[PDB]
Every structure is written in C-alpha cells, then in structure tokens.
Amino acid sequence: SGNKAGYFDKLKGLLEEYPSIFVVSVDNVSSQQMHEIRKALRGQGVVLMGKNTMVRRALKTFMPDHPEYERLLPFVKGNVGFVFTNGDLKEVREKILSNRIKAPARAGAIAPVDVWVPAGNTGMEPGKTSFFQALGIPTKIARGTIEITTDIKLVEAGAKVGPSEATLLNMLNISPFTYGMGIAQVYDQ
Amino acid sequence: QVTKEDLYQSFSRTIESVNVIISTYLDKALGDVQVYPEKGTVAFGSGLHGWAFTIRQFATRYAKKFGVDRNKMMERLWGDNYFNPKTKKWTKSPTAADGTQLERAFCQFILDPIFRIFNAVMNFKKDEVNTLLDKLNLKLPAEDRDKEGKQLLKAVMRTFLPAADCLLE
Amino acid sequence: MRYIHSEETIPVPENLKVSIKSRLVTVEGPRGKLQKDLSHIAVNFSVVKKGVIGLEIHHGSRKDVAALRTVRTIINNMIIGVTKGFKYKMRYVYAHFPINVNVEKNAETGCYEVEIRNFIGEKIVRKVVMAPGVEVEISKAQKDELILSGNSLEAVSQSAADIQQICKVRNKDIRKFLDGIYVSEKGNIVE
Amino acid sequence: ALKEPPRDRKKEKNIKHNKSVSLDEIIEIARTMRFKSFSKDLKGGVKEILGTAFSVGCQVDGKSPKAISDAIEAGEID
Amino acid sequence: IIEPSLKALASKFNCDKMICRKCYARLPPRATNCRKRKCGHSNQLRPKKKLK
RNA sequence: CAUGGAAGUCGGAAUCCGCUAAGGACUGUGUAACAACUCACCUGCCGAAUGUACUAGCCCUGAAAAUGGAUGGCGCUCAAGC
Ligand SMILES: [Zn+2]
C-alpha cells in the first residue's frame, strides 16, 4: 500500500504543475504497447493512471484553489486514464495516435469484418500442409512450396475465431485486427 | 453414405497428401514426376467388385455424342468452374444469373449415374434399373438374372466397365 | 433461530393474466395456459402493487426459508415461457457410423416420437416418445442439428434428456468412444 | 568477457565456479553501447540493474553489487 | 475423425469430472464434497484421469 | 552452473532492478529443445458487510452370522424422543 498512500501526493503535485490534461480511452492496449508509446512522450509530458479517482480527487475541489476540477468529475466513466503534458495542444493533439500493433488472433476473439484469405504462394515447406488439412483449403505444390488454388472465406464476421484457425493466421502474417492508443474526449473538445 | 460433394473433397485431399511425399522425396537427378488427376494418372474403383474407371473412359464416351473436343475437355474438372446456365456457354465461378448455386462437373457428369444404380438396386426397382440400363444402351447381364440385390451391383458394374480394361489402358 | 419475515416479489408484464387459488397457479398469455400445484409449500401469496406479485413466509426456519427463491423462479419461468417460449438445440457426433433419425407425428395421440437408427453401427432400433406440448424439428440452416421447442421449460428439458440418455456406449472407453446425441445451446424462441 | 584466463577444455568440465573477479568503474564503459534500449530514464536510474544482474561475482573487497545500489551517490551522467 | 469443437462439447459431458476417493462417484468439475451417503460426504476428491 | 541437448517449469545454488495500474529469475498444461495455453498480480461493471482457522451438543458414515423376534408389546415425529 506504499503506492496507495503515495497516490494522493503524487497526483496532486503533478496535476497542479501541468496546466492541461489529456484523458485517454485505453481499451485493449497491451503492456508492451503502452511501454513503447511512453518512450515517444517520455521526454515531454508525464503519464499516470490508476483506479477511478472521483472521490479522492473531489476532496481537492473543496479547497478554494480550483473549483473547475468538479466539472470533469462526470466526464470520466470507465477504463479511461489521463495524462499530463506541458506542451501546446496542436502538436500533441494527434501526435500520440501514431503507432498501431497488429495483434494475432486469440482463439476466441470476435472479428469485426469477414476475414478473406487470397490465393498465392506461401513459400513454406511441404511439411506444413497438415495444418491446412484441418481447414480443408485446396492446395497444390509449385516449385516445392505450397500454393493456394482458390480463395476460401475463413470465417463469417462476428463469430468467435476457432482455435485451429487462430494458429494458421499468425504463421501467414495476416490478421484483421489493428490496435492503437485511443483519445477520449478531452477538456470539452 | 457420403454425398457427392463430400466424396469429391476426399479424393482431392488424399491426392494432395500423396503428392506431398512424392514431392519431398523426389530425386532431383531426373524427372519432375507428380501425380495429377487432370493428367489421367489417377483411377477409381473397387477391387472386390472388379469395377474401376478413369476420367478418360467417361470423357470419350461423352465425347462420341454431345462432345466436340475430347482432349480440350480433358481439363474440364478439378477446379475452375462447372456450367449449367440457361445459356449453353460456360462461365467461371459458381455465381449464376439469379444467384442459384451451380453444379460440379465431376459430380454432375461422372458421379450422378453411379449413384443411380446403387439406390435403385438396393430399393429393388428392377424395372427401373432395366429402364436405366437401356437409356445408355447397356449390354445384357447374360447368366445373372434371378439373383437381385447386392449381386447385380458387381455384375452390372463389371458389364458397364470391367476393371481390367481400365487398368491396362 | 427462526426469521420473523422473509419476502420476495415478482413483476408481471401487462400482456397476460395470472390467478392463484388454493396454491393452484394459472398463467395465460398469447401462447397458451400452464398450471402448477404448490400445495406442498407453506407460502402466503398477495398483491403488493398493480403489477407486482408478492409471496412471504412467517416464522420460518433455515431449511424452510430456502424454498422462497425456488418458488419465485418457477413462477417466473412460467411467465417468461408463456410470452417467449423455449427452444433447445442438439447436435450429432460420430466418427465412422452415421446416425439416422426419423420424426413422424403421431395421429390421435398428438405427441411426437423420435426414431434413432444405425447408432454406432447398431442393428437395434430405439424409439422415444416426447411429452405433450413439445414440437420436434430437423434443422435446415446447419447439418446434423435437431431442434426442440415448446411452452413448458420442464417438459422441454426433460424430453431432451430422454434422447441424450437413450444413446449410451457399454463396456468401452467413454474417453475414446465419443458417440451420442448431445445438447449444445439453450434459449428462447422469441428474440 | 572481461575476465581471467580462459579455460579452453577438460579443466572446465568440473563446476568451474571461479567467480572471484573484481570491478570498479570500468563497467560503465560496457554501459554506454547499450544505447538505453528500454525506458531506463538515463544512466543514473538504470545503474542499479547491471550491478545486481552480476550478483555471481560479489564485486570485490567488502563490496557487494546489492550494497552499491542502496548507497546511491555515484555520478549519474558519468 | 471428429471436428474440433465437437470434441470440446462431447468431452464436457464425458471427460472433465471429479472422482471421489471413497466411492468412485462421478462429480461435477467444481465440487468440494461427494453427494452420496455411503462415503459420508467426504471432501478428498481427485480429477478424472485425462486421456493422453 | 550443470550436459547429447534443459530458453521459468529434469536437477544444484542464488532470489536484483527498470516501467508502471500491474506482472514471480515463477503456478500448472505442453515441446527433443523452442513455440502456444494458464496461474499469481493489477484493471473495467455492480452496490454491501464478508473471509479463514478452531471448540462441542444432536444426527449421519465407519457398523459383517447363521430356526422368525423383540426399547416388555402395540405404536410414537411442535413426540408417547433428548
Ligand atoms: Zn464419495
């Protein structure tokens, strides 16, 4: 609980120093992804996140220095963190969005769009054919590499990805999902 | 009780499996030999009933009547598209004018007749099998007459095309 | 230690009607009628508001208070069942021997009876008789799917179980021989 | 790499636990080429790790790699 | 040959179960006490031997 | 270190820090070794009291013998039992 007690002092000190704060809607952002984006903004700006701070921060509202803090209490809803930056709005406005990962299927994820596999030459050895056998895709061997004959619709959109399908997708370096950091509404923007 | 579409899939996949071993152990010294059904290197049949067939036997038989170029029609199966549109001319992909699904040439031409003998013989429609027998002008069964049901099938298939001729060819 | 008052409530949508008399519940809506007999339970029914049913027990023990929440969900199922029906699905699973099913509607006895043939390549023919009010269907969207539907959840589920329990393997490994008819999802007809 | 004679073979078959090495401030040269790979907040903060990773040799004299970290008084940009 | 998902469903009803060490009864996958009476509702349970 | 090979998960000995909202030189499944899955830990939703370890009353399991059978018998359940 060392950080738990510290959180009040750490939050109050940092918030006052930074004139403007960005609240960011972090949904399904991997720890590695969060670590790397920190490096881009590591030089300028500070990022802090914790469990919902509505009640604890409200105590600061009572004391006279800032009554506007109450205004943002309703805005924070769920799974959204906020970031402190001393820079101007325009340069940091859209700069943080840069970087997007391409997460492989997790054998249970729901595809937003239909996933289509085009015909072509994989270039992989003949031994890997067994994986293709389960999905039933027609295959032919050309120049000692597996060649897909005709395109086959892997899965209908909105259905959970089968465990067999997920393993195949990562090998071919094709995935529907793309994930990136998301900005929630900031200071009435 | 395999359906025609399912049966076609099994033949394809097994040929692919055999192809993988031939490809992996092929000697590079001479000959890029691989098994392809379109090349007439695969035949189908049942040893116990002594009936076997290859694509050419059906192709030439259909070539004689309602057939223009047998050799061009050789690569008319195993992929690409199969045609049954209102317009005679064939097209690529199974999409039709109204969106109805299209036939599969291997099942529609080769595999439709074979099913017909099995169900009729098992259901004891001797009159029907005789009627179908004369539709393609099949030859008479000689000695085998009285015994019907699971005995005709070997006899009718042997008369329709004996395995030995296909093997030698 | 006996609790002095235990109370539960039940909301009723304004699409049906319900009448209670000597612990004989009758629910009637746009899909039929259902009855139950709760004479084995000592509960007091009453009307709290214009659209809320109430039931209570006084000076009950621990073993006796447990039964209030049971009664609530039983009556709730009747209300939801009459206005939304129920629908179970079942799937075939086999390795070598295909399973064949026949569904013929009995005439003058109303109820349906199923027929299972060729189970694990078996020569016997086994027959099961459904309960009145349940309707059996063979799916047309997916392959090898059975669909059971009806009005009373207890009958629907019990009829499905009969089909599942009739198809068993004997004197084998049930870890390897995975043949049989099984249930795959439970839900309602509407929505 | 920066150690005492190299045991080519046959003498190294048994244990070979000769970990009694010594370091003072040379290790920082080995620090530099690591190019601050992953969010270490400059050399001063990250110094704690490399010493503690080399806990096998127990530094030298009365020093212990863990002992260095808590008494954080050394130059940070050096 | 069984389709993957099928294996999962059929195994749920046949394979993932606990077993009493006193009366060999077949128990749910999250039980803590046997439900029979000749064993005394014992609470020494073990998983069903998975088939490799 | 160890050795055919042991990348957290055959074994021996150590048991540190960075970034945090959080992550163990690790709890299992798994590979010849990798990979892959999961747990510990933290977070999103909800709206109020729970969680663990012990003690002794009645009841239950532990509790298998030979002609038909004995709280004296019939019978007794907010007892006609303690
Ligand atoms: Zn037990």
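Read the figures in this text as sums done on the coordinates, not as results from a lab. A quick note on method: Cβ atoms are made from the backbone with ideal geometry, for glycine too, and the neighbour counts reach across all protein chains shown.
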Filtering the stretch C:115-173 down to residues that are within 14 Å of chain E (Cβ to nearest Cβ) and polar (S, T, N, Q) yields C:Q142, C:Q164, C:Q165
Kindly list, by first and then second residue, each pair from a residue in the stretch B:5-29 that is more than 10 Å from chain A (Cβ to nearest Cβ) and more than 19 Å from B:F44 (Cβ to Cβ) to a residue that is of a type in the set (K, R) and in a helix (DSSP H, G or I), limited to pairs with Cβ atoms under 7 Å and residues at least 6 apart or on different chains. none
If only one of D:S64, D:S39 is in contact with a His (Cβ under 9 Å, 6 or more places away or on another chain) and surrounded by 10 or more Cβ atoms within 10 Å (Cβ to Cβ), which one is it? D:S39
A careful count of residues in the stretch C:1-17 that are surrounded by 12 or more Cβ atoms within 10 Å (Cβ to Cβ) and touching a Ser or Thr at 6+ places or on another chain (Cβ under 7 Å) gives 1
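Among the listed residues D:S22, D:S39, D:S69, which satisfies the condition of being within 7 Å of RNA strand F (Cβ to nearest atom) and in a loop (DSSP other than H, G, I, E, B)?
On inspection, the qualifying residue turns out to be D:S39.
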So D:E12 passes all but one of these: (1) over 25 Å from A:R42 (Cβ atoms); (2) more than 9 Å from RNA strand F (Cβ to nearest atom). Which condition number does it fail? (2)
Does the stretch E:22-34 hold any residues that are within 14 Å of chain C (Cβ to nearest Cβ) and either within 9 Å of the ligand (Cβ to nearest atom) or part of a loop (DSSP other than H, G, I, E, B) (or both), and which are they? none
Has the stretch A:60-71 got any residue that is away from the ligand (no atom under 16 Å from the Cβ), assigned to a strand (DSSP E or B), away from chain E (no Cβ under 14 Å) and charged (D, E, K, R)? no
Filter the stretch A:130-161 for residues that are away from chain B (no Cβ under 14 Å) and more than 22 Å from the chain's Cα centre (by Cα) and give the result. A:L154, A:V155, A:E156
Can you find even one residue in the stretch A:101-113 that is within 15 Å of RNA strand F (Cβ to nearest atom), part of a loop (DSSP other than H, G, I, E, B), more than 14 Å from chain E (Cβ to nearest Cβ) and more than 14 Å from A:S175 (Cβ to Cβ)? no
Condition first: in a strand (DSSP E or B) and either among the small types (G, A, S) or touching a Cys at 6+ places or on another chain (Cβ under 8 Å) (or both). Now tell me which residues in the stretch C:24-39 satisfy that. C:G29, C:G32
Looking only at the stretch A:134-165, count every residue that is assigned to a helix (DSSP H, G or I) and either within 16 Å of A:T122 (Cα to Cα) or out of contact with any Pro (no Cβ under 7 Å at 6 or more places or on another chain) (or both) and tell me the total. 3
Inside the stretch E:3-21, can you point out the residues that are assigned to a loop (DSSP other than H, G, I, E, B) and surrounded by 15 or more Cβ atoms within 10 Å (Cβ to Cβ)? E:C15, E:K17
Residues of the stretch C:81-103 classified as assigned to a strand (DSSP E or B), facing another protein chain (nearest Cβ under 10 Å) and buried (at least 16 other Cβ atoms within 10 Å of the Cβ), total: 3
Residue satisfying all of: in the stretch D:27-36; surrounded by 10 or more Cβ atoms within 10 Å (Cβ to Cβ) and outside any helix (DSSP H, G or I); nearest to the other protein chains (Cβ to nearest Cβ) among these: D:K36
Residue count, the stretch B:67-83 (criterion: out of contact with any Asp or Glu (no Cβ under 8 Å at 6 or more places or on another chain) and either among the aliphatic types (A, V, I, L, M) or within 14 Å of chain A (Cβ to nearest Cβ) (or both)): 5
Please enumerate the residues belonging to the stretch E:35-52 that are within 11 Å of the chain's Cα centre (by Cα) and part of a loop (DSSP other than H, G, I, E, B). E:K48, E:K49, E:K50
Candidates E:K50, E:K17 - the one that is closer than 30 Å to A:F131 by Cβ and within 14 Å of chain C (Cβ to nearest Cβ): E:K50
